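Read the structure below first, then the notes.
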Amino acid sequence: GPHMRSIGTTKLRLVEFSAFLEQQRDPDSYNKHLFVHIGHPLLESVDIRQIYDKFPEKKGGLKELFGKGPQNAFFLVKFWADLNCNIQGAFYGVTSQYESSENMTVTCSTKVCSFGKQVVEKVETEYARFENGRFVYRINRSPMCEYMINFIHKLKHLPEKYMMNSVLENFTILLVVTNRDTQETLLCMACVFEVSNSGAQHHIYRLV
Ligand SMILES: */C=C\C(=O)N1C[C@@H](n2cc(-c3cccnc3)nn2)[C@H](OCc2ccc(C(F)(F)F)cc2)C1
């Protein structure tokens with residue numbers, strides 16, 4: 001029973017995101033493979049109660065966060081990942097760009113969850129840069145955690161995409177972007193994953 005509606009006004013917008021493997025063939029030659037990406041306006045809704053068991057739910061958990069921060073800042077992102085790359089000076093990285101009309105100090109928290117339990121959290125703090133009339137927050141070449149590198153390797157070893165999808169049923173990512181000074185939730189993305197059989201795809205929903 002979803003509702004499909006505009007996003008409306010938000011203090012922070014996600015403009016770009018990619019997760020990638022860059023491999024250096026030699027000092028002047030590099031290959032880059034994208035696993036997932038966004039950015040390269042009606043949204044349907046998803047009942048957040050459907051996903052509580054896939055994320056931590058203690059103090060500071062998804063249910064507490066949703067109850068507090070503005071509800072229009074919460075999204076579910078379904079990714080279809082591209083695993084079709086020949087892994088061989090490899091750098092596993094993420095890039096993202098956010099934009100705002102306000103100058104803020106932003107903290108981005110990325111929690112990796114397995115069977116609904118947090119197994120890694122990455123925390124990055126970003127200051128604004130003024131760029132042609134607005135404030136831009138760019139994360140360039142943020143390294144993956146060891147857990148994701150190992151996880152990608154293990155998935156790639158499986159012989160069929162449906163076996164990777166079964167494994168991915170219990171893997172999720174929770175991104176929470178907060179105003180560091182005020183603790184306001186600026187954006188929250190609860191992320192679920194399958195493997196693409198198409199490159200990579202995604203669909204975004206509003207959490208309600
Ligand atoms: C320590 C964490 C880490 O290295 N990660 C977090 C994963 N992540 C980040 C985001 C995200 C979404 C929107 C905005 N900002 C960040 N979503 N997921 C990164 O890995 C992504 C990923 C790569 C490959 C696969 C796989 F295995 F299915 F192919 C899944 C997820 C890195």
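Chain identifiers are assigned as A, B, and so on, following the order in which chains appear in the structure tokens; residues are numbered from 1 within each chain, and ligands are numbered from 1 in order of appearance.
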
As a short mmCIF file (atom, residue, chain, number, x, y, z; two decimals) with N, CA, C and O atoms, in the first residue's frame, please: the residues near residue 158 of chain A (cut-off 12 Å, only C-alpha atoms, same-chain neighbours under 5 positions excluded).
data_model
loop_
_atom_site.label_atom_id
_atom_site.label_comp_id
_atom_site.auth_asym_id
_atom_site.auth_seq_id
_atom_site.Cartn_x
_atom_site.Cartn_y
_atom_site.Cartn_z
N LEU A 83 29.09 -6.91 -10.52
CA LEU A 83 30.25 -7.65 -10.05
C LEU A 83 31.11 -8.16 -11.19
O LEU A 83 32.00 -9.01 -10.97
N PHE A 151 34.19 -9.11 1.57
CA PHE A 151 32.84 -9.53 1.20
C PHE A 151 32.68 -9.59 -0.31
O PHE A 151 32.15 -10.57 -0.85
N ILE A 152 33.17 -8.56 -1.02
CA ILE A 152 33.10 -8.55 -2.48
C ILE A 152 33.83 -9.76 -3.06
O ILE A 152 33.35 -10.39 -4.01
N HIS A 153 35.01 -10.07 -2.52
CA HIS A 153 35.77 -11.22 -3.00
C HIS A 153 34.98 -12.51 -2.83
O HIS A 153 34.93 -13.35 -3.74
N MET A 163 22.93 -17.34 -6.27
CA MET A 163 23.55 -17.62 -4.98
C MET A 163 24.07 -16.35 -4.33
O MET A 163 24.01 -16.21 -3.10
N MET A 164 24.58 -15.41 -5.13
CA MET A 164 24.99 -14.14 -4.50
C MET A 164 23.80 -13.40 -3.91
O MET A 164 23.90 -12.82 -2.82
N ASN A 165 22.65 -13.45 -4.59
CA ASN A 165 21.46 -12.78 -4.09
C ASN A 165 21.01 -13.37 -2.75
O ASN A 165 20.56 -12.63 -1.86
N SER A 166 21.09 -14.70 -2.59
CA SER A 166 20.72 -15.32 -1.32
C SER A 166 21.60 -14.81 -0.19
O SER A 166 21.10 -14.46 0.88
N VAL A 167 22.91 -14.73 -0.44
CA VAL A 167 23.85 -14.19 0.55
C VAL A 167 23.51 -12.74 0.86
O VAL A 167 23.55 -12.31 2.02
N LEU A 168 23.17 -11.96 -0.18
CA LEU A 168 22.92 -10.54 0.01
C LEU A 168 21.63 -10.28 0.79
O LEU A 168 21.45 -9.15 1.26
N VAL A 195 22.41 -8.56 -7.08
CA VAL A 195 23.37 -8.44 -8.18
C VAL A 195 22.60 -8.13 -9.46
O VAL A 195 21.53 -8.71 -9.72
#

Per residue of chain A within 7 Å of ligand 1, record the nearest atom pair and its distance in Å to one decimal, counting only C-alpha atoms and all ligand atoms, with rows in chain order and ascending residue number, as CSV.
residue,atom,partner,partner_atom_place_in_ligand_line,distance
A:17,CA,ligand 1,14 (C),5.5
A:19,CA,ligand 1,21 (C),5.2
A:35,CA,ligand 1,24 (C),5.2
A:36,CA,ligand 1,23 (C),6.2
A:81,CA,ligand 1,29 (F),5.0
A:82,CA,ligand 1,29 (F),6.2
A:83,CA,ligand 1,29 (F),5.4
A:93,CA,ligand 1,32 (C),6.9
A:94,CA,ligand 1,32 (C),6.2
A:96,CA,ligand 1,15 (N),6.1
A:110,CA,ligand 1,6 (C),6.0
A:111,CA,ligand 1,2 (C),6.8
A:112,CA,ligand 1,2 (C),6.1
A:120,CA,ligand 1,1 (C),6.1
A:121,CA,ligand 1,1 (C),6.2
A:122,CA,ligand 1,1 (C),5.3
A:143,CA,ligand 1,4 (O),6.5
A:144,CA,ligand 1,4 (O),3.2
A:145,CA,ligand 1,1 (C),3.9
A:147,CA,ligand 1,1 (C),6.8
A:148,CA,ligand 1,4 (O),5.2
A:151,CA,ligand 1,27 (F),6.3
A:152,CA,ligand 1,27 (F),4.3
A:155,CA,ligand 1,27 (F),6.4
A:173,CA,ligand 1,18 (N),5.5
A:175,CA,ligand 1,16 (C),6.1
A:189,CA,ligand 1,13 (C),6.7
A:191,CA,ligand 1,17 (N),6.4
A:193,CA,ligand 1,28 (F),6.2
A:194,CA,ligand 1,28 (F),6.6
A:195,CA,ligand 1,28 (F),6.3

field: Every residue of chain A that DSSP places in helix (DSSP H, G or I), as a ChimeraX atom specification
entry: /A:48-54,62-68,71-73,146-156,161-168

Pull C-alpha atoms from the residues just selected and write them as an mmCIF file, in the first residue's frame.
data_model
loop_
_atom_site.group_PDB
_atom_site.id
_atom_site.type_symbol
_atom_site.label_atom_id
_atom_site.label_comp_id
_atom_site.auth_asym_id
_atom_site.auth_seq_id
_atom_site.Cartn_x
_atom_site.Cartn_y
_atom_site.Cartn_z
ATOM 1 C CA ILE A 48 9.697 1.263 7.348
ATOM 2 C CA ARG A 49 8.372 -1.467 9.627
ATOM 3 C CA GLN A 50 9.251 -3.938 6.848
ATOM 4 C CA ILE A 51 12.989 -3.227 7.261
ATOM 5 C CA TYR A 52 13.496 -2.772 11.019
ATOM 6 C CA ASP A 53 14.704 -6.355 11.457
ATOM 7 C CA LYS A 54 17.477 -5.725 8.878
ATOM 8 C CA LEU A 62 16.884 3.099 12.771
ATOM 9 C CA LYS A 63 13.526 3.163 14.568
ATOM 10 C CA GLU A 64 14.734 5.778 17.060
ATOM 11 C CA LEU A 65 16.250 7.872 14.265
ATOM 12 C CA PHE A 66 13.078 7.727 12.165
ATOM 13 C CA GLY A 67 10.931 8.757 15.138
ATOM 14 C CA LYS A 68 13.123 11.862 15.694
ATOM 15 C CA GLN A 71 10.642 11.865 8.094
ATOM 16 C CA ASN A 72 11.109 13.262 4.610
ATOM 17 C CA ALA A 73 14.888 12.725 4.989
ATOM 18 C CA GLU A 146 38.403 -4.361 4.893
ATOM 19 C CA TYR A 147 35.061 -6.045 5.561
ATOM 20 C CA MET A 148 33.616 -4.876 2.224
ATOM 21 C CA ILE A 149 36.740 -5.838 0.285
ATOM 22 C CA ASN A 150 36.612 -9.363 1.688
ATOM 23 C CA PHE A 151 32.840 -9.531 1.203
ATOM 24 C CA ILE A 152 33.100 -8.554 -2.479
ATOM 25 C CA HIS A 153 35.770 -11.223 -3.003
ATOM 26 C CA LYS A 154 33.607 -13.922 -1.394
ATOM 27 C CA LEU A 155 30.509 -13.019 -3.418
ATOM 28 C CA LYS A 156 32.512 -13.037 -6.657
ATOM 29 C CA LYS A 161 24.053 -14.705 -9.393
ATOM 30 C CA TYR A 162 21.112 -16.288 -7.573
ATOM 31 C CA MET A 163 23.552 -17.622 -4.979
ATOM 32 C CA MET A 164 24.987 -14.143 -4.500
ATOM 33 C CA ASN A 165 21.459 -12.782 -4.086
ATOM 34 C CA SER A 166 20.723 -15.318 -1.319
ATOM 35 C CA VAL A 167 23.847 -14.189 0.548
ATOM 36 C CA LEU A 168 22.916 -10.537 0.015
#

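Atom CA of residue 132 of chain A lies 29.3 Å from atom CA of residue 77 of chain A.
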
message: Please list as a PyMOL selection string every residue within 9 Å of residue 46 of chain A, counting only C-alpha atoms and excluding residues in the same chain fewer than 5 positions away.
response: chain A and resi 1-3+51+75-76+205-208

message: Can you pull out every residue from segment 74-182 of chain A that DSSP, working from the backbone, puts in strand (DSSP E), and format the result as a VMD selection string?
response: chain A and resid 74 to 81 90 to 100 105 to 114 117 to 127 129 to 131 134 to 143 171 to 179

For the residues in that selection, give me C-alpha atoms as an mmCIF file, in the first residue's frame.
data_model
loop_
_atom_site.group_PDB
_atom_site.id
_atom_site.type_symbol
_atom_site.label_atom_id
_atom_site.label_comp_id
_atom_site.auth_asym_id
_atom_site.auth_seq_id
_atom_site.Cartn_x
_atom_site.Cartn_y
_atom_site.Cartn_z
ATOM 1 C CA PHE A 74 14.566 8.886 5.105
ATOM 2 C CA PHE A 75 14.866 6.657 2.023
ATOM 3 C CA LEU A 76 15.234 3.010 1.086
ATOM 4 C CA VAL A 77 17.641 2.403 -1.794
ATOM 5 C CA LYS A 78 17.619 -0.939 -3.605
ATOM 6 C CA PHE A 79 20.865 -1.512 -5.534
ATOM 7 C CA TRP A 80 21.588 -4.030 -8.268
ATOM 8 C CA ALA A 81 25.373 -4.319 -8.108
ATOM 9 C CA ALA A 90 44.060 -2.047 -6.383
ATOM 10 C CA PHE A 91 42.160 0.704 -4.562
ATOM 11 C CA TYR A 92 38.618 -0.003 -3.323
ATOM 12 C CA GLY A 93 36.896 3.346 -2.846
ATOM 13 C CA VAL A 94 33.757 5.444 -2.576
ATOM 14 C CA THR A 95 32.970 8.929 -3.830
ATOM 15 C CA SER A 96 29.961 11.024 -2.985
ATOM 16 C CA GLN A 97 28.774 14.570 -3.420
ATOM 17 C CA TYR A 98 26.128 16.411 -1.391
ATOM 18 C CA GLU A 99 24.852 19.948 -1.840
ATOM 19 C CA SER A 100 23.046 22.423 0.391
ATOM 20 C CA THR A 105 29.542 20.717 9.098
ATOM 21 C CA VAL A 106 28.285 17.315 8.016
ATOM 22 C CA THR A 107 29.071 13.915 9.516
ATOM 23 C CA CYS A 108 28.494 10.867 7.293
ATOM 24 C CA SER A 109 28.095 7.568 9.109
ATOM 25 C CA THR A 110 28.043 4.347 7.117
ATOM 26 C CA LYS A 111 27.065 1.220 9.051
ATOM 27 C CA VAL A 112 27.571 -2.208 7.518
ATOM 28 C CA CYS A 113 25.051 -4.681 8.917
ATOM 29 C CA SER A 114 24.993 -8.469 8.735
ATOM 30 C CA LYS A 117 23.875 -6.510 13.441
ATOM 31 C CA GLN A 118 26.389 -3.723 12.957
ATOM 32 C CA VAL A 119 29.737 -5.180 11.888
ATOM 33 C CA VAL A 120 31.584 -1.987 10.781
ATOM 34 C CA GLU A 121 30.903 1.728 11.007
ATOM 35 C CA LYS A 122 32.738 4.344 8.949
ATOM 36 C CA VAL A 123 32.482 7.948 10.133
ATOM 37 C CA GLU A 124 33.662 10.928 8.053
ATOM 38 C CA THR A 125 33.249 14.631 8.825
ATOM 39 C CA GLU A 126 33.071 17.094 5.940
ATOM 40 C CA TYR A 127 33.218 20.887 5.859
ATOM 41 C CA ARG A 129 33.048 24.477 0.095
ATOM 42 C CA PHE A 130 31.268 27.397 -1.531
ATOM 43 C CA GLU A 131 30.942 26.652 -5.254
ATOM 44 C CA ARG A 134 25.765 26.874 -3.082
ATOM 45 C CA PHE A 135 27.654 24.666 -0.623
ATOM 46 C CA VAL A 136 29.179 21.424 -1.887
ATOM 47 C CA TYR A 137 30.342 18.459 0.230
ATOM 48 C CA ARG A 138 32.561 16.128 -1.814
ATOM 49 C CA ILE A 139 34.002 12.844 -0.548
ATOM 50 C CA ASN A 140 36.739 11.876 -2.965
ATOM 51 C CA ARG A 141 38.410 8.460 -2.860
ATOM 52 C CA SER A 142 37.230 7.349 0.573
ATOM 53 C CA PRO A 143 38.700 3.848 1.092
ATOM 54 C CA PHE A 171 23.582 -7.724 4.069
ATOM 55 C CA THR A 172 22.520 -4.099 4.414
ATOM 56 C CA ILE A 173 24.046 -0.632 4.626
ATOM 57 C CA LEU A 174 22.718 2.265 6.721
ATOM 58 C CA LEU A 175 23.939 5.750 5.722
ATOM 59 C CA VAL A 176 23.082 8.597 8.104
ATOM 60 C CA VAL A 177 24.222 12.150 7.313
ATOM 61 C CA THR A 178 23.928 14.513 10.279
ATOM 62 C CA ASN A 179 24.545 18.186 10.925
#

- request: Between atom CA of residue 6 of chain A and atom CA of residue 196 of chain A, measure the distance and give it in Å to one decimal.
  value: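 Computing it gives 27.1 Å between the two atoms.
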